[PDB]
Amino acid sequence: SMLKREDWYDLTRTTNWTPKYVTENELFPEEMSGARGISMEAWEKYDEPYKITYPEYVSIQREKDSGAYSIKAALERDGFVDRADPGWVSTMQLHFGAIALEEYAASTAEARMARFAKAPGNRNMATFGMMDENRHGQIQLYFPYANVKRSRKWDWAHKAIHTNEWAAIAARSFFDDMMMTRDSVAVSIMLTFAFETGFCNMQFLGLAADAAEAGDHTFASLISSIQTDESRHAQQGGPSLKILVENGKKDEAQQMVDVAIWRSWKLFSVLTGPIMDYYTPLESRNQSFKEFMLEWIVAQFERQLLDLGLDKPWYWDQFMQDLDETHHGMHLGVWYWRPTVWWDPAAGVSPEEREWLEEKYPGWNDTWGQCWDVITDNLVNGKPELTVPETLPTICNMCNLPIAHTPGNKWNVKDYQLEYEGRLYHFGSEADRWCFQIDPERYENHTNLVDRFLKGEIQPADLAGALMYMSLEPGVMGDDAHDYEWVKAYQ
């Protein structure tokens, strides 16, 4: 016979002891552990709510792979990819380049907690964490690798994060701040709680429904398998937060949550928002990015935050409002700067699409619509050259995304500038500036792409030079996803 899990589980995490041959601080350096003057004894109240042991893990996870890898082999000759909507293909190319290596990087972020947490329970969970993102990174390399021979852009699933292409830098700037360069307790809050629990879990659900709705099985199955792994490790920040609140530290914990949520949101507004509202074809649009945010992300945050004993972040109302705006900015920047990404962006402003946009966002045609009016006239009039750029946008110094916002009859583009030790910095929002201010030493001497341009680091110091510097060449450089087909609606 076999024991019941609950009878021996506790022994798997009864692993703390009192060092003798080295000191506690030596073995758990504050800069790696972030124990924050709360004692080993007090970190032991840490109780993961979802439990799993080694044999359960290797057995359930052997089954998940068998499934996903068999679905993939079975659909491979069919080539769904050669006849997918080109906005879908693009969604895949963007996802693979932005995330595959950052998934892999998250195994180190998990390893940080696995070695340096003072919660025995956190260390073991993070071991499984560390395994999970080993899987995510490898399966997200193995999948896109199917498509290398169809287009160099698929090589970006591996290369992106090795380049200085601006989107890759916005990715690293996020990931590194959240999970690579923070102490263990911080990583548990800022990554597993704010980003993973806060955003990934739902995002991957929506993303899996869309693959299916697009007719892309392989991908639906991949995403939705990865998604079933999430909460096993995502749950880790929860108990950390209880512990900080119950000891002196509600404000340290608040402040970390505040920063991680904004940072997340900004990434999400360029990586996800454009996709929902412009790339997925009209007849598949199930809800708007703003709808999706309100229903599946934002209320889960207030629920979580109330249960933890924390407050809504000071920037909450602004954030609500920005659901109307930011991602429309980021889409327009990405489309407009399209030879600077490695995917083909989709304009998504055919008349039917503009109607949809107008009911999801009263005011759209009056604001966002004008810029697209002008882009459209030009295209109809055989002047395509006024629809690609000749300069750089200003890049925010915190999110590394362009500082953009409401155009047209409600013009409202603002720059939250700051002079700090003889340098001028630019911020796309009030919250982005405040992330720098509460912790200037963490960001001072970082330079965004524009900074580098201005500084002399990009040579030749023109657009062709910046292309080479970002590792982009013809064949990889983005262009209009439908090749300007939506333009015939206007003639």
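Don't overthink the numbering: it's just position in the shown sequence, from 1.
Relative to one another, 176-184 and 282-290 have unequal mean CA B-factors, and 282-290 is the one with the higher figure.
You'll see in the entry that, of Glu102, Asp251, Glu133, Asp155, the Cα B factor peaks at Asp251.
Annotation for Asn365, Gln140, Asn122, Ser107: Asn365 ranks highest, by Cα B-factor.
Ranked against the other modelled residues of its chain, the C-alpha B-factor of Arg338 as given in the entry falls in the middle third. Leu467 sits in the middle third of its chain by CA B factor, as recorded in the PDB entry. The PDB entry assigns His482 a C-alpha temperature factor belonging to the highest third of its chain's modelled residues. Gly456 sits in the middle third of its chain by CA B factor, as recorded in the PDB entry.
Split the chain's modelled residues into thirds by C-alpha temperature factor. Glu441 is in the highest one.
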